[PDB]
Amino acid sequence: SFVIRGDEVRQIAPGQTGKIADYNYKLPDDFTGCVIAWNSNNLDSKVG
Amino acid sequence: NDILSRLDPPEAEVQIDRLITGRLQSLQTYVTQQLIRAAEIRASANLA
C-alpha cells in the first residue's frame with residue numbers, strides 16, 4: 001500500500017520503465033498477483 | 001548480444017525464445033539428417 005502521482009499509475013506493471021518503477025518499487029516479470037488503485041484527491045491533498 | 005544490448009528484457013525474452021526455437025528446429029533437422037545418414041553408412045559398412 002502506497003500513494004503515488006496520477007501519471008505514475010502505469011509504472012506498477014511487470015517490466016515497466018520509469019522513475020518510480022526503477023527507484024521506488026520494481027515489479028518482477030513473472031509476477032502472479034494484481035494491482036489495485038483509486039483516486040484520492042479529496043483525502044490526500046491539502047488546500048495549500 | 002545485439003538483442004540483449006538493445007531491447008528491454010520483457011521483449012528480449014520473447015525474441016530470444018523465437019531465436020532459440022528456430023535454432024533448435026535447425027539442430028533437430030540436422031540431427032535427424034545425421035541419424036538417417038548414419039543408418040545408410042552403417043548399412044554400407046555391414047555390406048562391406
# chains A, B, ... in the order shown; residues from 1 in each chain; ligands from 1
>>> select_by_dssp(residues="chain A", states="helix (DSSP H, G or I)", output="PyMOL selection string")
chain A and resi 6-8+19-23
>>> write_last_selection(atoms="C-alpha atoms", output="mmCIF file, in the first residue's frame")
data_model
loop_
_atom_site.group_PDB
_atom_site.id
_atom_site.type_symbol
_atom_site.label_atom_id
_atom_site.label_comp_id
_atom_site.auth_asym_id
_atom_site.auth_seq_id
_atom_site.Cartn_x
_atom_site.Cartn_y
_atom_site.Cartn_z
ATOM 1 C CA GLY A 6 -1.595 10.342 -11.277
ATOM 2 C CA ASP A 7 0.968 9.874 -14.052
ATOM 3 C CA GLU A 8 2.775 7.137 -12.098
ATOM 4 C CA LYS A 19 11.294 6.794 -12.151
ATOM 5 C CA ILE A 20 9.012 5.063 -9.636
ATOM 6 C CA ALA A 21 9.377 1.640 -11.283
ATOM 7 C CA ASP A 22 13.182 1.872 -11.186
ATOM 8 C CA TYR A 23 13.906 3.748 -7.940
#
>>> closest_atom_pairs(of="chain B", to="chain A", cutoff="10 Å", atoms="only C-alpha atoms", output="JSON lines")
{"residue": "B:8", "atom": "CA", "partner": "A:15", "partner_atom": "CA", "distance": 8.0}
{"residue": "B:9", "atom": "CA", "partner": "A:15", "partner_atom": "CA", "distance": 7.3}
{"residue": "B:10", "atom": "CA", "partner": "A:15", "partner_atom": "CA", "distance": 5.9}
{"residue": "B:11", "atom": "CA", "partner": "A:15", "partner_atom": "CA", "distance": 9.1}
>>> write_last_selection(atoms="N, CA, C and O atoms", output="compact mmCIF listing (two decimals), in the first residue's frame")
# COMPACT_ATOMS: atom_id res chain seq x y z
N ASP B 8 14.57 -4.08 -24.16
CA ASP B 8 14.24 -4.30 -22.76
C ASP B 8 14.03 -5.80 -22.52
O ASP B 8 13.66 -6.52 -23.45
N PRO B 9 14.29 -6.29 -21.31
CA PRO B 9 14.20 -7.75 -21.03
C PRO B 9 12.85 -8.38 -21.34
O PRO B 9 12.85 -9.52 -21.83
N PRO B 10 11.68 -7.75 -21.07
CA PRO B 10 10.41 -8.44 -21.40
C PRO B 10 10.22 -8.76 -22.88
O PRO B 10 9.65 -9.82 -23.18
N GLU B 11 10.66 -7.91 -23.79
CA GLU B 11 10.60 -8.21 -25.22
C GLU B 11 11.81 -9.00 -25.70
O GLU B 11 11.69 -9.81 -26.63
>>> atom_distance(atom1="atom CA of residue 21 of chain B", atom2="atom CA of residue 4 of chain B")
16.7 Å
>>> residues_around(residues="segment 16-20 of chain B", least_positions_apart="4", cutoff="8 Å", atoms="only C-alpha atoms", output="PyMOL selection string")
chain B and resi 3+12+24
>>> residues_around(residues="segment 35-40 of chain A", least_positions_apart="6", cutoff="9 Å", atoms="only C-alpha atoms", output="MDAnalysis selection string")
chainID A and resid 3 6 9 12:13
>>> atom_distance(atom1="atom CA of residue 13 of chain B", atom2="atom CA of residue 28 of chain A")
13.6 Å
